[PDB]
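Naming: A, B, ... by sequence-line order, numbering from 1 per chain. Hydrogens, waters and symmetry mates are skipped; everything else that's a heavy atom, side chains included, is used.
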Amino acid sequence: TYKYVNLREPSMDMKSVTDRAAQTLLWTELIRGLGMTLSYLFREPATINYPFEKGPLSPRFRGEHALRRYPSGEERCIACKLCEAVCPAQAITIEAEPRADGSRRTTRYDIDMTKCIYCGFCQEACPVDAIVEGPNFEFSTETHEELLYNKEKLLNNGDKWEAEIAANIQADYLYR
Amino acid sequence: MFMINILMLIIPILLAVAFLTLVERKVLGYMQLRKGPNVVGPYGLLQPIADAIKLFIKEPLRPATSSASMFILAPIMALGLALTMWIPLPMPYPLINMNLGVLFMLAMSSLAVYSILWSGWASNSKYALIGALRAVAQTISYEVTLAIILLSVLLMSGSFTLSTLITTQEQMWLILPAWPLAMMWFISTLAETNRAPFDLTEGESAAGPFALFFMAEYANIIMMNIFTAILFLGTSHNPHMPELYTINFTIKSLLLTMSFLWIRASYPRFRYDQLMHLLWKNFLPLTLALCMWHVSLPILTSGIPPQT
Amino acid sequence: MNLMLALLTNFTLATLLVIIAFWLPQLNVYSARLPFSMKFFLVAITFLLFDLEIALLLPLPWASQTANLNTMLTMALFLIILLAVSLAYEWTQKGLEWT
Amino acid sequence: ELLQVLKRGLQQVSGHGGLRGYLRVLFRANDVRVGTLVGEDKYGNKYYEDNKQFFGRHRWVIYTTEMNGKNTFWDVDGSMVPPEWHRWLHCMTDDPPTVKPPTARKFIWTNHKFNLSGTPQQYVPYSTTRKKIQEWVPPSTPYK
Amino acid sequence: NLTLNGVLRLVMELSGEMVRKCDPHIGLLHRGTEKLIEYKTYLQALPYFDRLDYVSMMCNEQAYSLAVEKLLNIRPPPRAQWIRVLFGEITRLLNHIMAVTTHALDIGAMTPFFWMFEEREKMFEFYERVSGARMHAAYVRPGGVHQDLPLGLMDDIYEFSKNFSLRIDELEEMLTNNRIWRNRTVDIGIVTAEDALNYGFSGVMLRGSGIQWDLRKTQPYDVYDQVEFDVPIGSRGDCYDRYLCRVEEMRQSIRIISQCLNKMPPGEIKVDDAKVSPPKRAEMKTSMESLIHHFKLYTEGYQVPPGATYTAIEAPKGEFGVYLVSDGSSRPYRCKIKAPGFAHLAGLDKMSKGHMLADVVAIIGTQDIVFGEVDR
Amino acid sequence: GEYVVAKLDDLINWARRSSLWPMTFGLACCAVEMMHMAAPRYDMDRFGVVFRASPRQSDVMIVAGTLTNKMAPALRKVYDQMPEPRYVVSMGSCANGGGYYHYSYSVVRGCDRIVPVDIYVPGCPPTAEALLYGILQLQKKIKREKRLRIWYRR
Amino acid sequence: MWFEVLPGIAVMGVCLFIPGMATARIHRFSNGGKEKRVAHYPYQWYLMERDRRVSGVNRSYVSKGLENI
Ligand SMILES: CCCCCCCCCCCCCCCCCC(=O)OC[C@H](COP(=O)(O)OCCN)OC(=O)CCCCCCCCCCCCCCCCC
Ligand SMILES: CCCCCCCCCCCCO[C@@H]1O[C@H](CO)[C@@H](O[C@H]2O[C@H](CO)[C@@H](O)[C@H](O)[C@H]2O)[C@H](O)[C@H]1O
Ligand SMILES: N=C(N)NC(=N)NCCc1ccc(I)c(Cl)c1
Ligand code: SF4
Ligand code: SF4
Ligand code: SF4
């Protein structure tokens, strides 16, 4: 099924020809355009008062990464390297060894935040909810080096943001 | 005393231009469902001061010019001529009462194109000289209808004295007998000042020098709209309460100036050849026919105005 | 004197603003034929010739005071018609085209 | 109706505690609306709501004038909002931490920090692994 | 003849005002996407498609997903298909808003851009709510979609849809009958029906010239055969008719979105085949088979039977397709991306003959060129 | 005397951060989100950040998208024509460090190989709000500048 | 809201009101509280120069009535 957008024959009766002449000389359709912009002048603007007001977001939002813990404080990450394998940008670098107590843990967990595409595949791939993309999006820096996160930085992000991260996971895990 | 009077005209013009930039940004903002400047000072009231200071401490990075003399000359001519356009304006009394004030403004406005031409020479760039010549062609073309339209209106007024336009409109605005002329006049002023939808210099295409060209151009915008108000929306003058004239006259000028912003927000831009056709093939034929009509009309109605 | 004072002030102030614009503490220690259409030349010449006819028309507000109104109106309309005729000539001769 | 509009304007001066408090929020936040106080965090940020405003303007924060020893009277920052209120302010949830407080953990930061880029507390990356290859150390005594 | 000299480098020959030759120099956004994809698993390569026509993100995702599903010999579940058509048409609204209003803004009409980008912002919220990203959602995947719609999303899509046609009307009030807009677009860039076909045009570049062709009708995919809508057809093959077709396509997109909301079925959102689509997280953490399959899908990825396919959809800018070659492993052997703008921009020189410099801006606008897909 | 120099720094710093006129290289995806920063919801113009400025009246270059080797010389030329003071904001992973095309033969691995960078906005793309946060962070950086204080102490 | 555009409009309006107000009041100050005489034609200039002589103080705006007859 199709329709024509612009297949119409103007009427040539004198009343219609004069209607088009008045439009040409009196600029009526240009005046009509002025009315539309005028009506906007008196509409409430859509602007919000950032940073005192924030654009709405959902619990699924993919922001700054963080490494999480169990309630006891033990790290959730077990150095399985599934995040590193799936990472589309190879932004994750991991090294691991047995911890002093024999636990399977990482000794390096880096995310190059300037390679990362913030795709969330790492947190999908993680079997223990260790690596997540948190809700923070306000972490711009003055130097490139500050965006090369190591494990200490990522653990600190998890301790900094866990209160919000846990609630967001609580609201969305039944969709996963 | 006269020196005080000159300064009480020059300085308020520069401040009016500075805050026109704020008003344009905020008026355009609200027609675009946004706010425009509202952080730098309350309701953006310090935004023009911030812009002015910023522009004047910016690096005056000019690449080598063809000629230093014309590089300085172009903005001096632009700003000097712009301030000169204001001295015969009756508001209700003029700084200088000229018997031929209307002819004086036409003469001074015809020199404004030199600043454009000299900028092209001083740019030391082939491509910038072509843009300057395209701008000159647009300007002089629309000078033709502005002159003829003004002549037609003066045939109902009787003289080149600007203050006589006040007397002519004591009973009635000239927009009523001359709304066909006012229409073409108003569009011609937009094309004359390179205002949208005629802002082809910007479409086709620093520091203090840039700020000075900008100030001169925005002073011309306000002045053209003051002249439109005087020419077509005559304010009644009470000699014992001149401030009443000034209040009403100013309001009309602000609304006319704000309509320039309104029109900018509403329309796309003309193609260069299409605005040349708008004048040579549309405005000029009507302007010539209406000039003939307005020569004949006072005679056939026995409505010739007094010569003084 | 008043007008000369006005003109001097306007252009003197313009000169001052332009020079202070060019000067400020920066705190730093370290002839031929343009490839341009003949049409644009023809716009300028056309403007010039029309501008000369507008000069002849400017006296019209004063001329309307004459007692020889019959002659005045005939010559006023004559000048405008011939101005219209030259516009018609340019138009038909493709002189107002850009292609 | 114009008169009613003006009285609403005047009620904003009183709703903000007088002329000085009205001017403080006008110059600090460029906004003089009066909303319902939803709560306050330990850093002094105040959180407001007005559900008659359109979505996005119905919740806002008036930042504290001092946080972690930093004068923030004029220098406010979106990173100053602690995570518990971050969820509410961005409309990731409906109810504030005063109504549904976050689950407490011993390792969670008790003191929120804002963006520290450009200060002596900025993050500096480094390798977290130990040296891999151990060099042979020659004997201290002579014997050639 | 004076010679002048995403981002584009146009080398033009002008005789006065007339364009005598137009030689686009592209590659300023060439990022070797097709080579990069050869080092990725099929899932790992999906986010590259968001970044091609980066205004029509989930339509690129759909094209890639359909191609992989074809080689896999599987099909996504019906609810995933309805979501994919729903967000395909929302994406067409996102593209057409960008195409029309930036086309308008480029020639001086700057105000519609601001009104309609508040609408774009609200549609960015729909992407963020299903996927957590405002743009590069990576939401549509081989096998279906990543996650089910959150509760309350469809209600908000209804609220947005209920008011949108009025926004289109306000746009038309500003442009459709404006004599300046018509002067800039009518009889500009006329392309004949036979030239459009031989030059490899697609989409509105074809329909503007009267050719009755739309892949959603002639070669339907997902559940497009189950929704009703009209194909706008031009009569003059110029910029103004292509502008009208795009505006009318936005109206038909709202028409399709209305049916998708009402006809959304229940059920799962990705194919119930854990050798292709990963199991649910709860299953991954309880069932041995599910954990194995989760482990292998997120490391090696699924293997795709050897073969080649050219698969195309009706993307907002025209026919968008992939020639995808599988060698039997879990990484594609070759992925050629057919961008509709590649052929369209190749015809700028033909379209701009006999026009003036300022018309070249209009013709580039009517083609709808994003250099992410042109350069890849 | 040092009191005078401190207040002139405040004045010129206030003027420069209150009137930031950006030039955007809309190279790719990230250009879309800067358009949304100009759009009504965030309205960058309300901060004094004009929507579009010519390179020669610009104060800050925003590199919004992937910088290829073919484009890198053109970007450097535009930076070299910016009047001073001038700042560079790198927006998005591609401009920050190459991002998803980091290992490509045709991509510059971060625009900081070509120009100096003042602010790095992370994200692929950063949200319009994240970009606005970076712009406001650049304003605070300008507020810290002490050009006259240091000049007076040479 | 749109009425936040008014403060900038008010400032510009005040700026454009000063020239007309200043000129009118400076004229009254300089012409004995009256309108400045307009002399566009030689006849009006001749009377203005005659007024200067009659005034007795060399100011054309100082008027002499029947008291001087
Ligand atoms: C008793 C008998 C008495 C005898 C005298 C009778 C005289 C009355 C009859 C004469 C009426 C004529 C009206 C004169 C106005 C000029 C008309 C005109 O020129 O319109 C044509 C022009 C081009 O029109 P176009 O569609 O391109 O086609 C024509 C060429 N093919 O169209 C244009 O000019 C378009 C302009 C484009 C710019 C648009 C921006 C302005 C829009 C808002 C303007 C609002 C009006 C301002 C009012 C003045 C304010 C002071
Ligand atoms: C409207 C009245 C305003 C009155 C305000 C008076 C304040 C006077 C103090 C001016 C301080 C200017 O500060 C200085 O400005 C110039 C503008 O090019 C900048 O630029 C200058 O330094 C840079 C290097 O640093 C050079 O490459 C450049 O060629 C030079 O112009 C400086 O980087 C900035 O430090
Ligand atoms: N054109 C606008 N309306 N503003 C704008 N976007 N740029 C111009 C801003 C400007 C220029 C010169 C001066 I002096 C001042 Cl005070 C302000
Ligand atoms: S978000 Fe995507 S690109 Fe970034 S680290 Fe995780 S998997 Fe890699
Ligand atoms: S973060 Fe998760 S997926 Fe990555 S290595 Fe640790 S446990 Fe494995
Ligand atoms: S950083 Fe992300 S959104 Fe920006 S250009 Fe690169 S791929 Fe596109």
Side-chain angles (χ1 to χ4, degrees), chain B residues 77 81 85 98-118 132-155 157 159-160 181 184-185 188-189 191-192 227 231 275-296, chain C residues 36-66 71-97:
Chain B
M77 176 74 105
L81 273 182
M85 304 300 296
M98 301 199 212
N99 180 72
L100 304 172
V102 170
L103 182 63
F104 169 84
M105 295 181 81
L106 214 57
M108 283 316 120
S109 74
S110 77
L111 303 195
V113 310
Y114 276 112
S115 89
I116 301 164
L117 192 50
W118 294 339
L133 294 157
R134 297 169 74 84
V136 170
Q138 169 179 333
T139 307
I140 68 186
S141 309
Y142 280 82
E143 282 177 13
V144 171
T145 51
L146 283 170
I148 300 161
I149 291 163
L150 183 62
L151 171 61
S152 308
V153 170
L154 294 190
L155 289 166
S157 174
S159 81
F160 296 94
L181 294 168
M184 283 180 302
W185 170 270
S188 281
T189 55
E192 203 59 20
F227 193 37
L231 193 52
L275 65 80
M276 295 307 273
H277 285 198
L278 173 63
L279 180 73
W280 292 102
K281 292 193 178 174
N282 288 276
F283 280 6
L284 189 54
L286 273 154
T287 296
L288 292 172
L290 277 165
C291 187
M292 281 165 73
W293 174 239
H294 276 271
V295 168
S296 306
Chain C
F36 202 43
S37 186
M38 169 69 79
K39 291 176 187 280
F40 280 97
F41 171 75
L42 264 292
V43 159
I45 291 304
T46 308
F47 153 80
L48 178 51
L49 296 172
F50 281 43
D51 210 45
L52 299 179
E53 310 212 44
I54 295 154
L56 298 177
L57 289 165
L58 280 175
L60 279 176
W62 296 326
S64 294
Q65 312 302 336
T66 186
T71 289
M72 194 282 302
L73 179 55
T74 304
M75 301 335 287
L77 297 181
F78 165 89
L79 262 182
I80 300 158
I81 283 150
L82 261 67
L83 182 47
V85 167
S86 46
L87 179 63
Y89 181 78
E90 284 219 334
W91 194 328
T92 62
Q93 297 333 108
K94 299 291 180 68
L96 310 174
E97 299 306 322

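Among all heavy-atom pairs drawn from C:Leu83 and C:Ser86, the shortest one is O-OG, 2.7 Å. Closest heavy-atom contact between B:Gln138 and B:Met276: CA-SD, 4.3 Å. When all heavy atoms of B:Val295 and C:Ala76 are compared, the closest pair comes out as CG1-CB, 3.9 Å.
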Side chains of residues 56-66 of chain C: which donor-acceptor partners sit under 3.5 Å, not counting sequence neighbours?
from	atom 1	to	atom 2	distance (Å)
C:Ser64	OG	C:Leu60	O	3.2
C:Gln65	NE2	B:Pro305	O	3.1
C:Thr66	OG1	C:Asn68	N	3.1

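Within a 6.0 Å sphere centred on CZ of C:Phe47, other residues, nucleotides and ligands contribute more than 12 heavy atoms.
The ring pair (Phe, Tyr, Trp, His ring centres under 6.0 Å) test applied to B:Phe227 returns B:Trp185, not counting sequence neighbours. By the side-chain hydrogen bond (donor to acceptor under 3.5 Å, both in side chains) test, B:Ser141 is found to be paired with no residue, residues two or more places apart in sequence or in another chain being considered. Not counting sequence neighbours, the partners of C:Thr46 by the side-chain hydrogen bond (donor to acceptor under 3.5 Å, both in side chains) test are C:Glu90. The side-chain hydrogen bond (donor to acceptor under 3.5 Å, both in side chains) search around B:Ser152 returns none, not counting sequence neighbours. Not a single ring pair (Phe, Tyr, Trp, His ring centres under 6.0 Å) links B:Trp293 to another residue, sequence neighbours left out. Residues passing the side-chain contact (heavy atoms from CB on, under 4.5 Å) test with C:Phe41 are C:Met38, C:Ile45, sequence neighbours excluded. Legend: residues meeting side-chain contact (heavy atoms from CB on, under 4.5 Å) with B:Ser296, ordered by chain and number and at least two apart, are B:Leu300, C:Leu73, C:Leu77. The side-chain contact (heavy atoms from CB on, under 4.5 Å) search around C:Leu52 returns C:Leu48, C:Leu49, not counting sequence neighbours. With sequence neighbours left out, C:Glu97 forms a side-chain hydrogen bond (donor to acceptor under 3.5 Å, both in side chains) with B:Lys281. By the ring pair (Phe, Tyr, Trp, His ring centres under 6.0 Å) test, C:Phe50 is found to be paired with B:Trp280, residues two or more places apart in sequence or in another chain being considered.
Interatomic distance, C:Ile80 CD1 to B:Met292 CE, rounded to the nearest 0.5 Å: 6.0 Å. Interatomic distance, B:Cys291 SG to B:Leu150 CG, rounded to the nearest 0.5 Å: 11.0 Å. Atom-to-atom distance recorded for B:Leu288:CG and B:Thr145:OG1 is 9.5 Å, nearest 0.5 angstrom. Between atom OG1 of residue B:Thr287 and atom CG of residue B:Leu151 there is a gap of 11.0 Å, rounded to the nearest 0.5 Å. From B:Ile116, atom CD1 reaches atom CG of B:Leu133 across 10.5 Å, with rounding to the nearest 0.5 Å. Separating the CG atom in B:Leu154 from the CZ atom in B:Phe160 is a distance of 6.0 Å, to the nearest 0.5 Å.
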Given side chain to side chain contact (heavy atoms under 4.5 Å, CB included), test B:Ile148 with B:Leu284 step by step and report yes or no.
CA-CA 9 Å; B:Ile148 300 161; B:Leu284 189 54; 4.0 Å; yes

Given B:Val136 and B:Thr139, is the side chain to side chain contact (heavy atoms under 4.5 Å, CB included) satisfied, shown in steps?
CA-CA 5 Å; B:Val136 170; B:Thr139 307; 5.6 Å; no

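Applying the side chain to side chain donor-acceptor pair (under 3.5 Å) test to pairs two or more places apart or on separate chains, those with a residue in residues 98-109 of chain B are B:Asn99-G:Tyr41.
In this structure, B:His277 contributes its side chain and C:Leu96 its backbone to a donor-acceptor pair below 3.5 Å.
B:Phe283 places none of its side-chain heavy atoms less than 4.5 Å from the side chain of B:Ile149.
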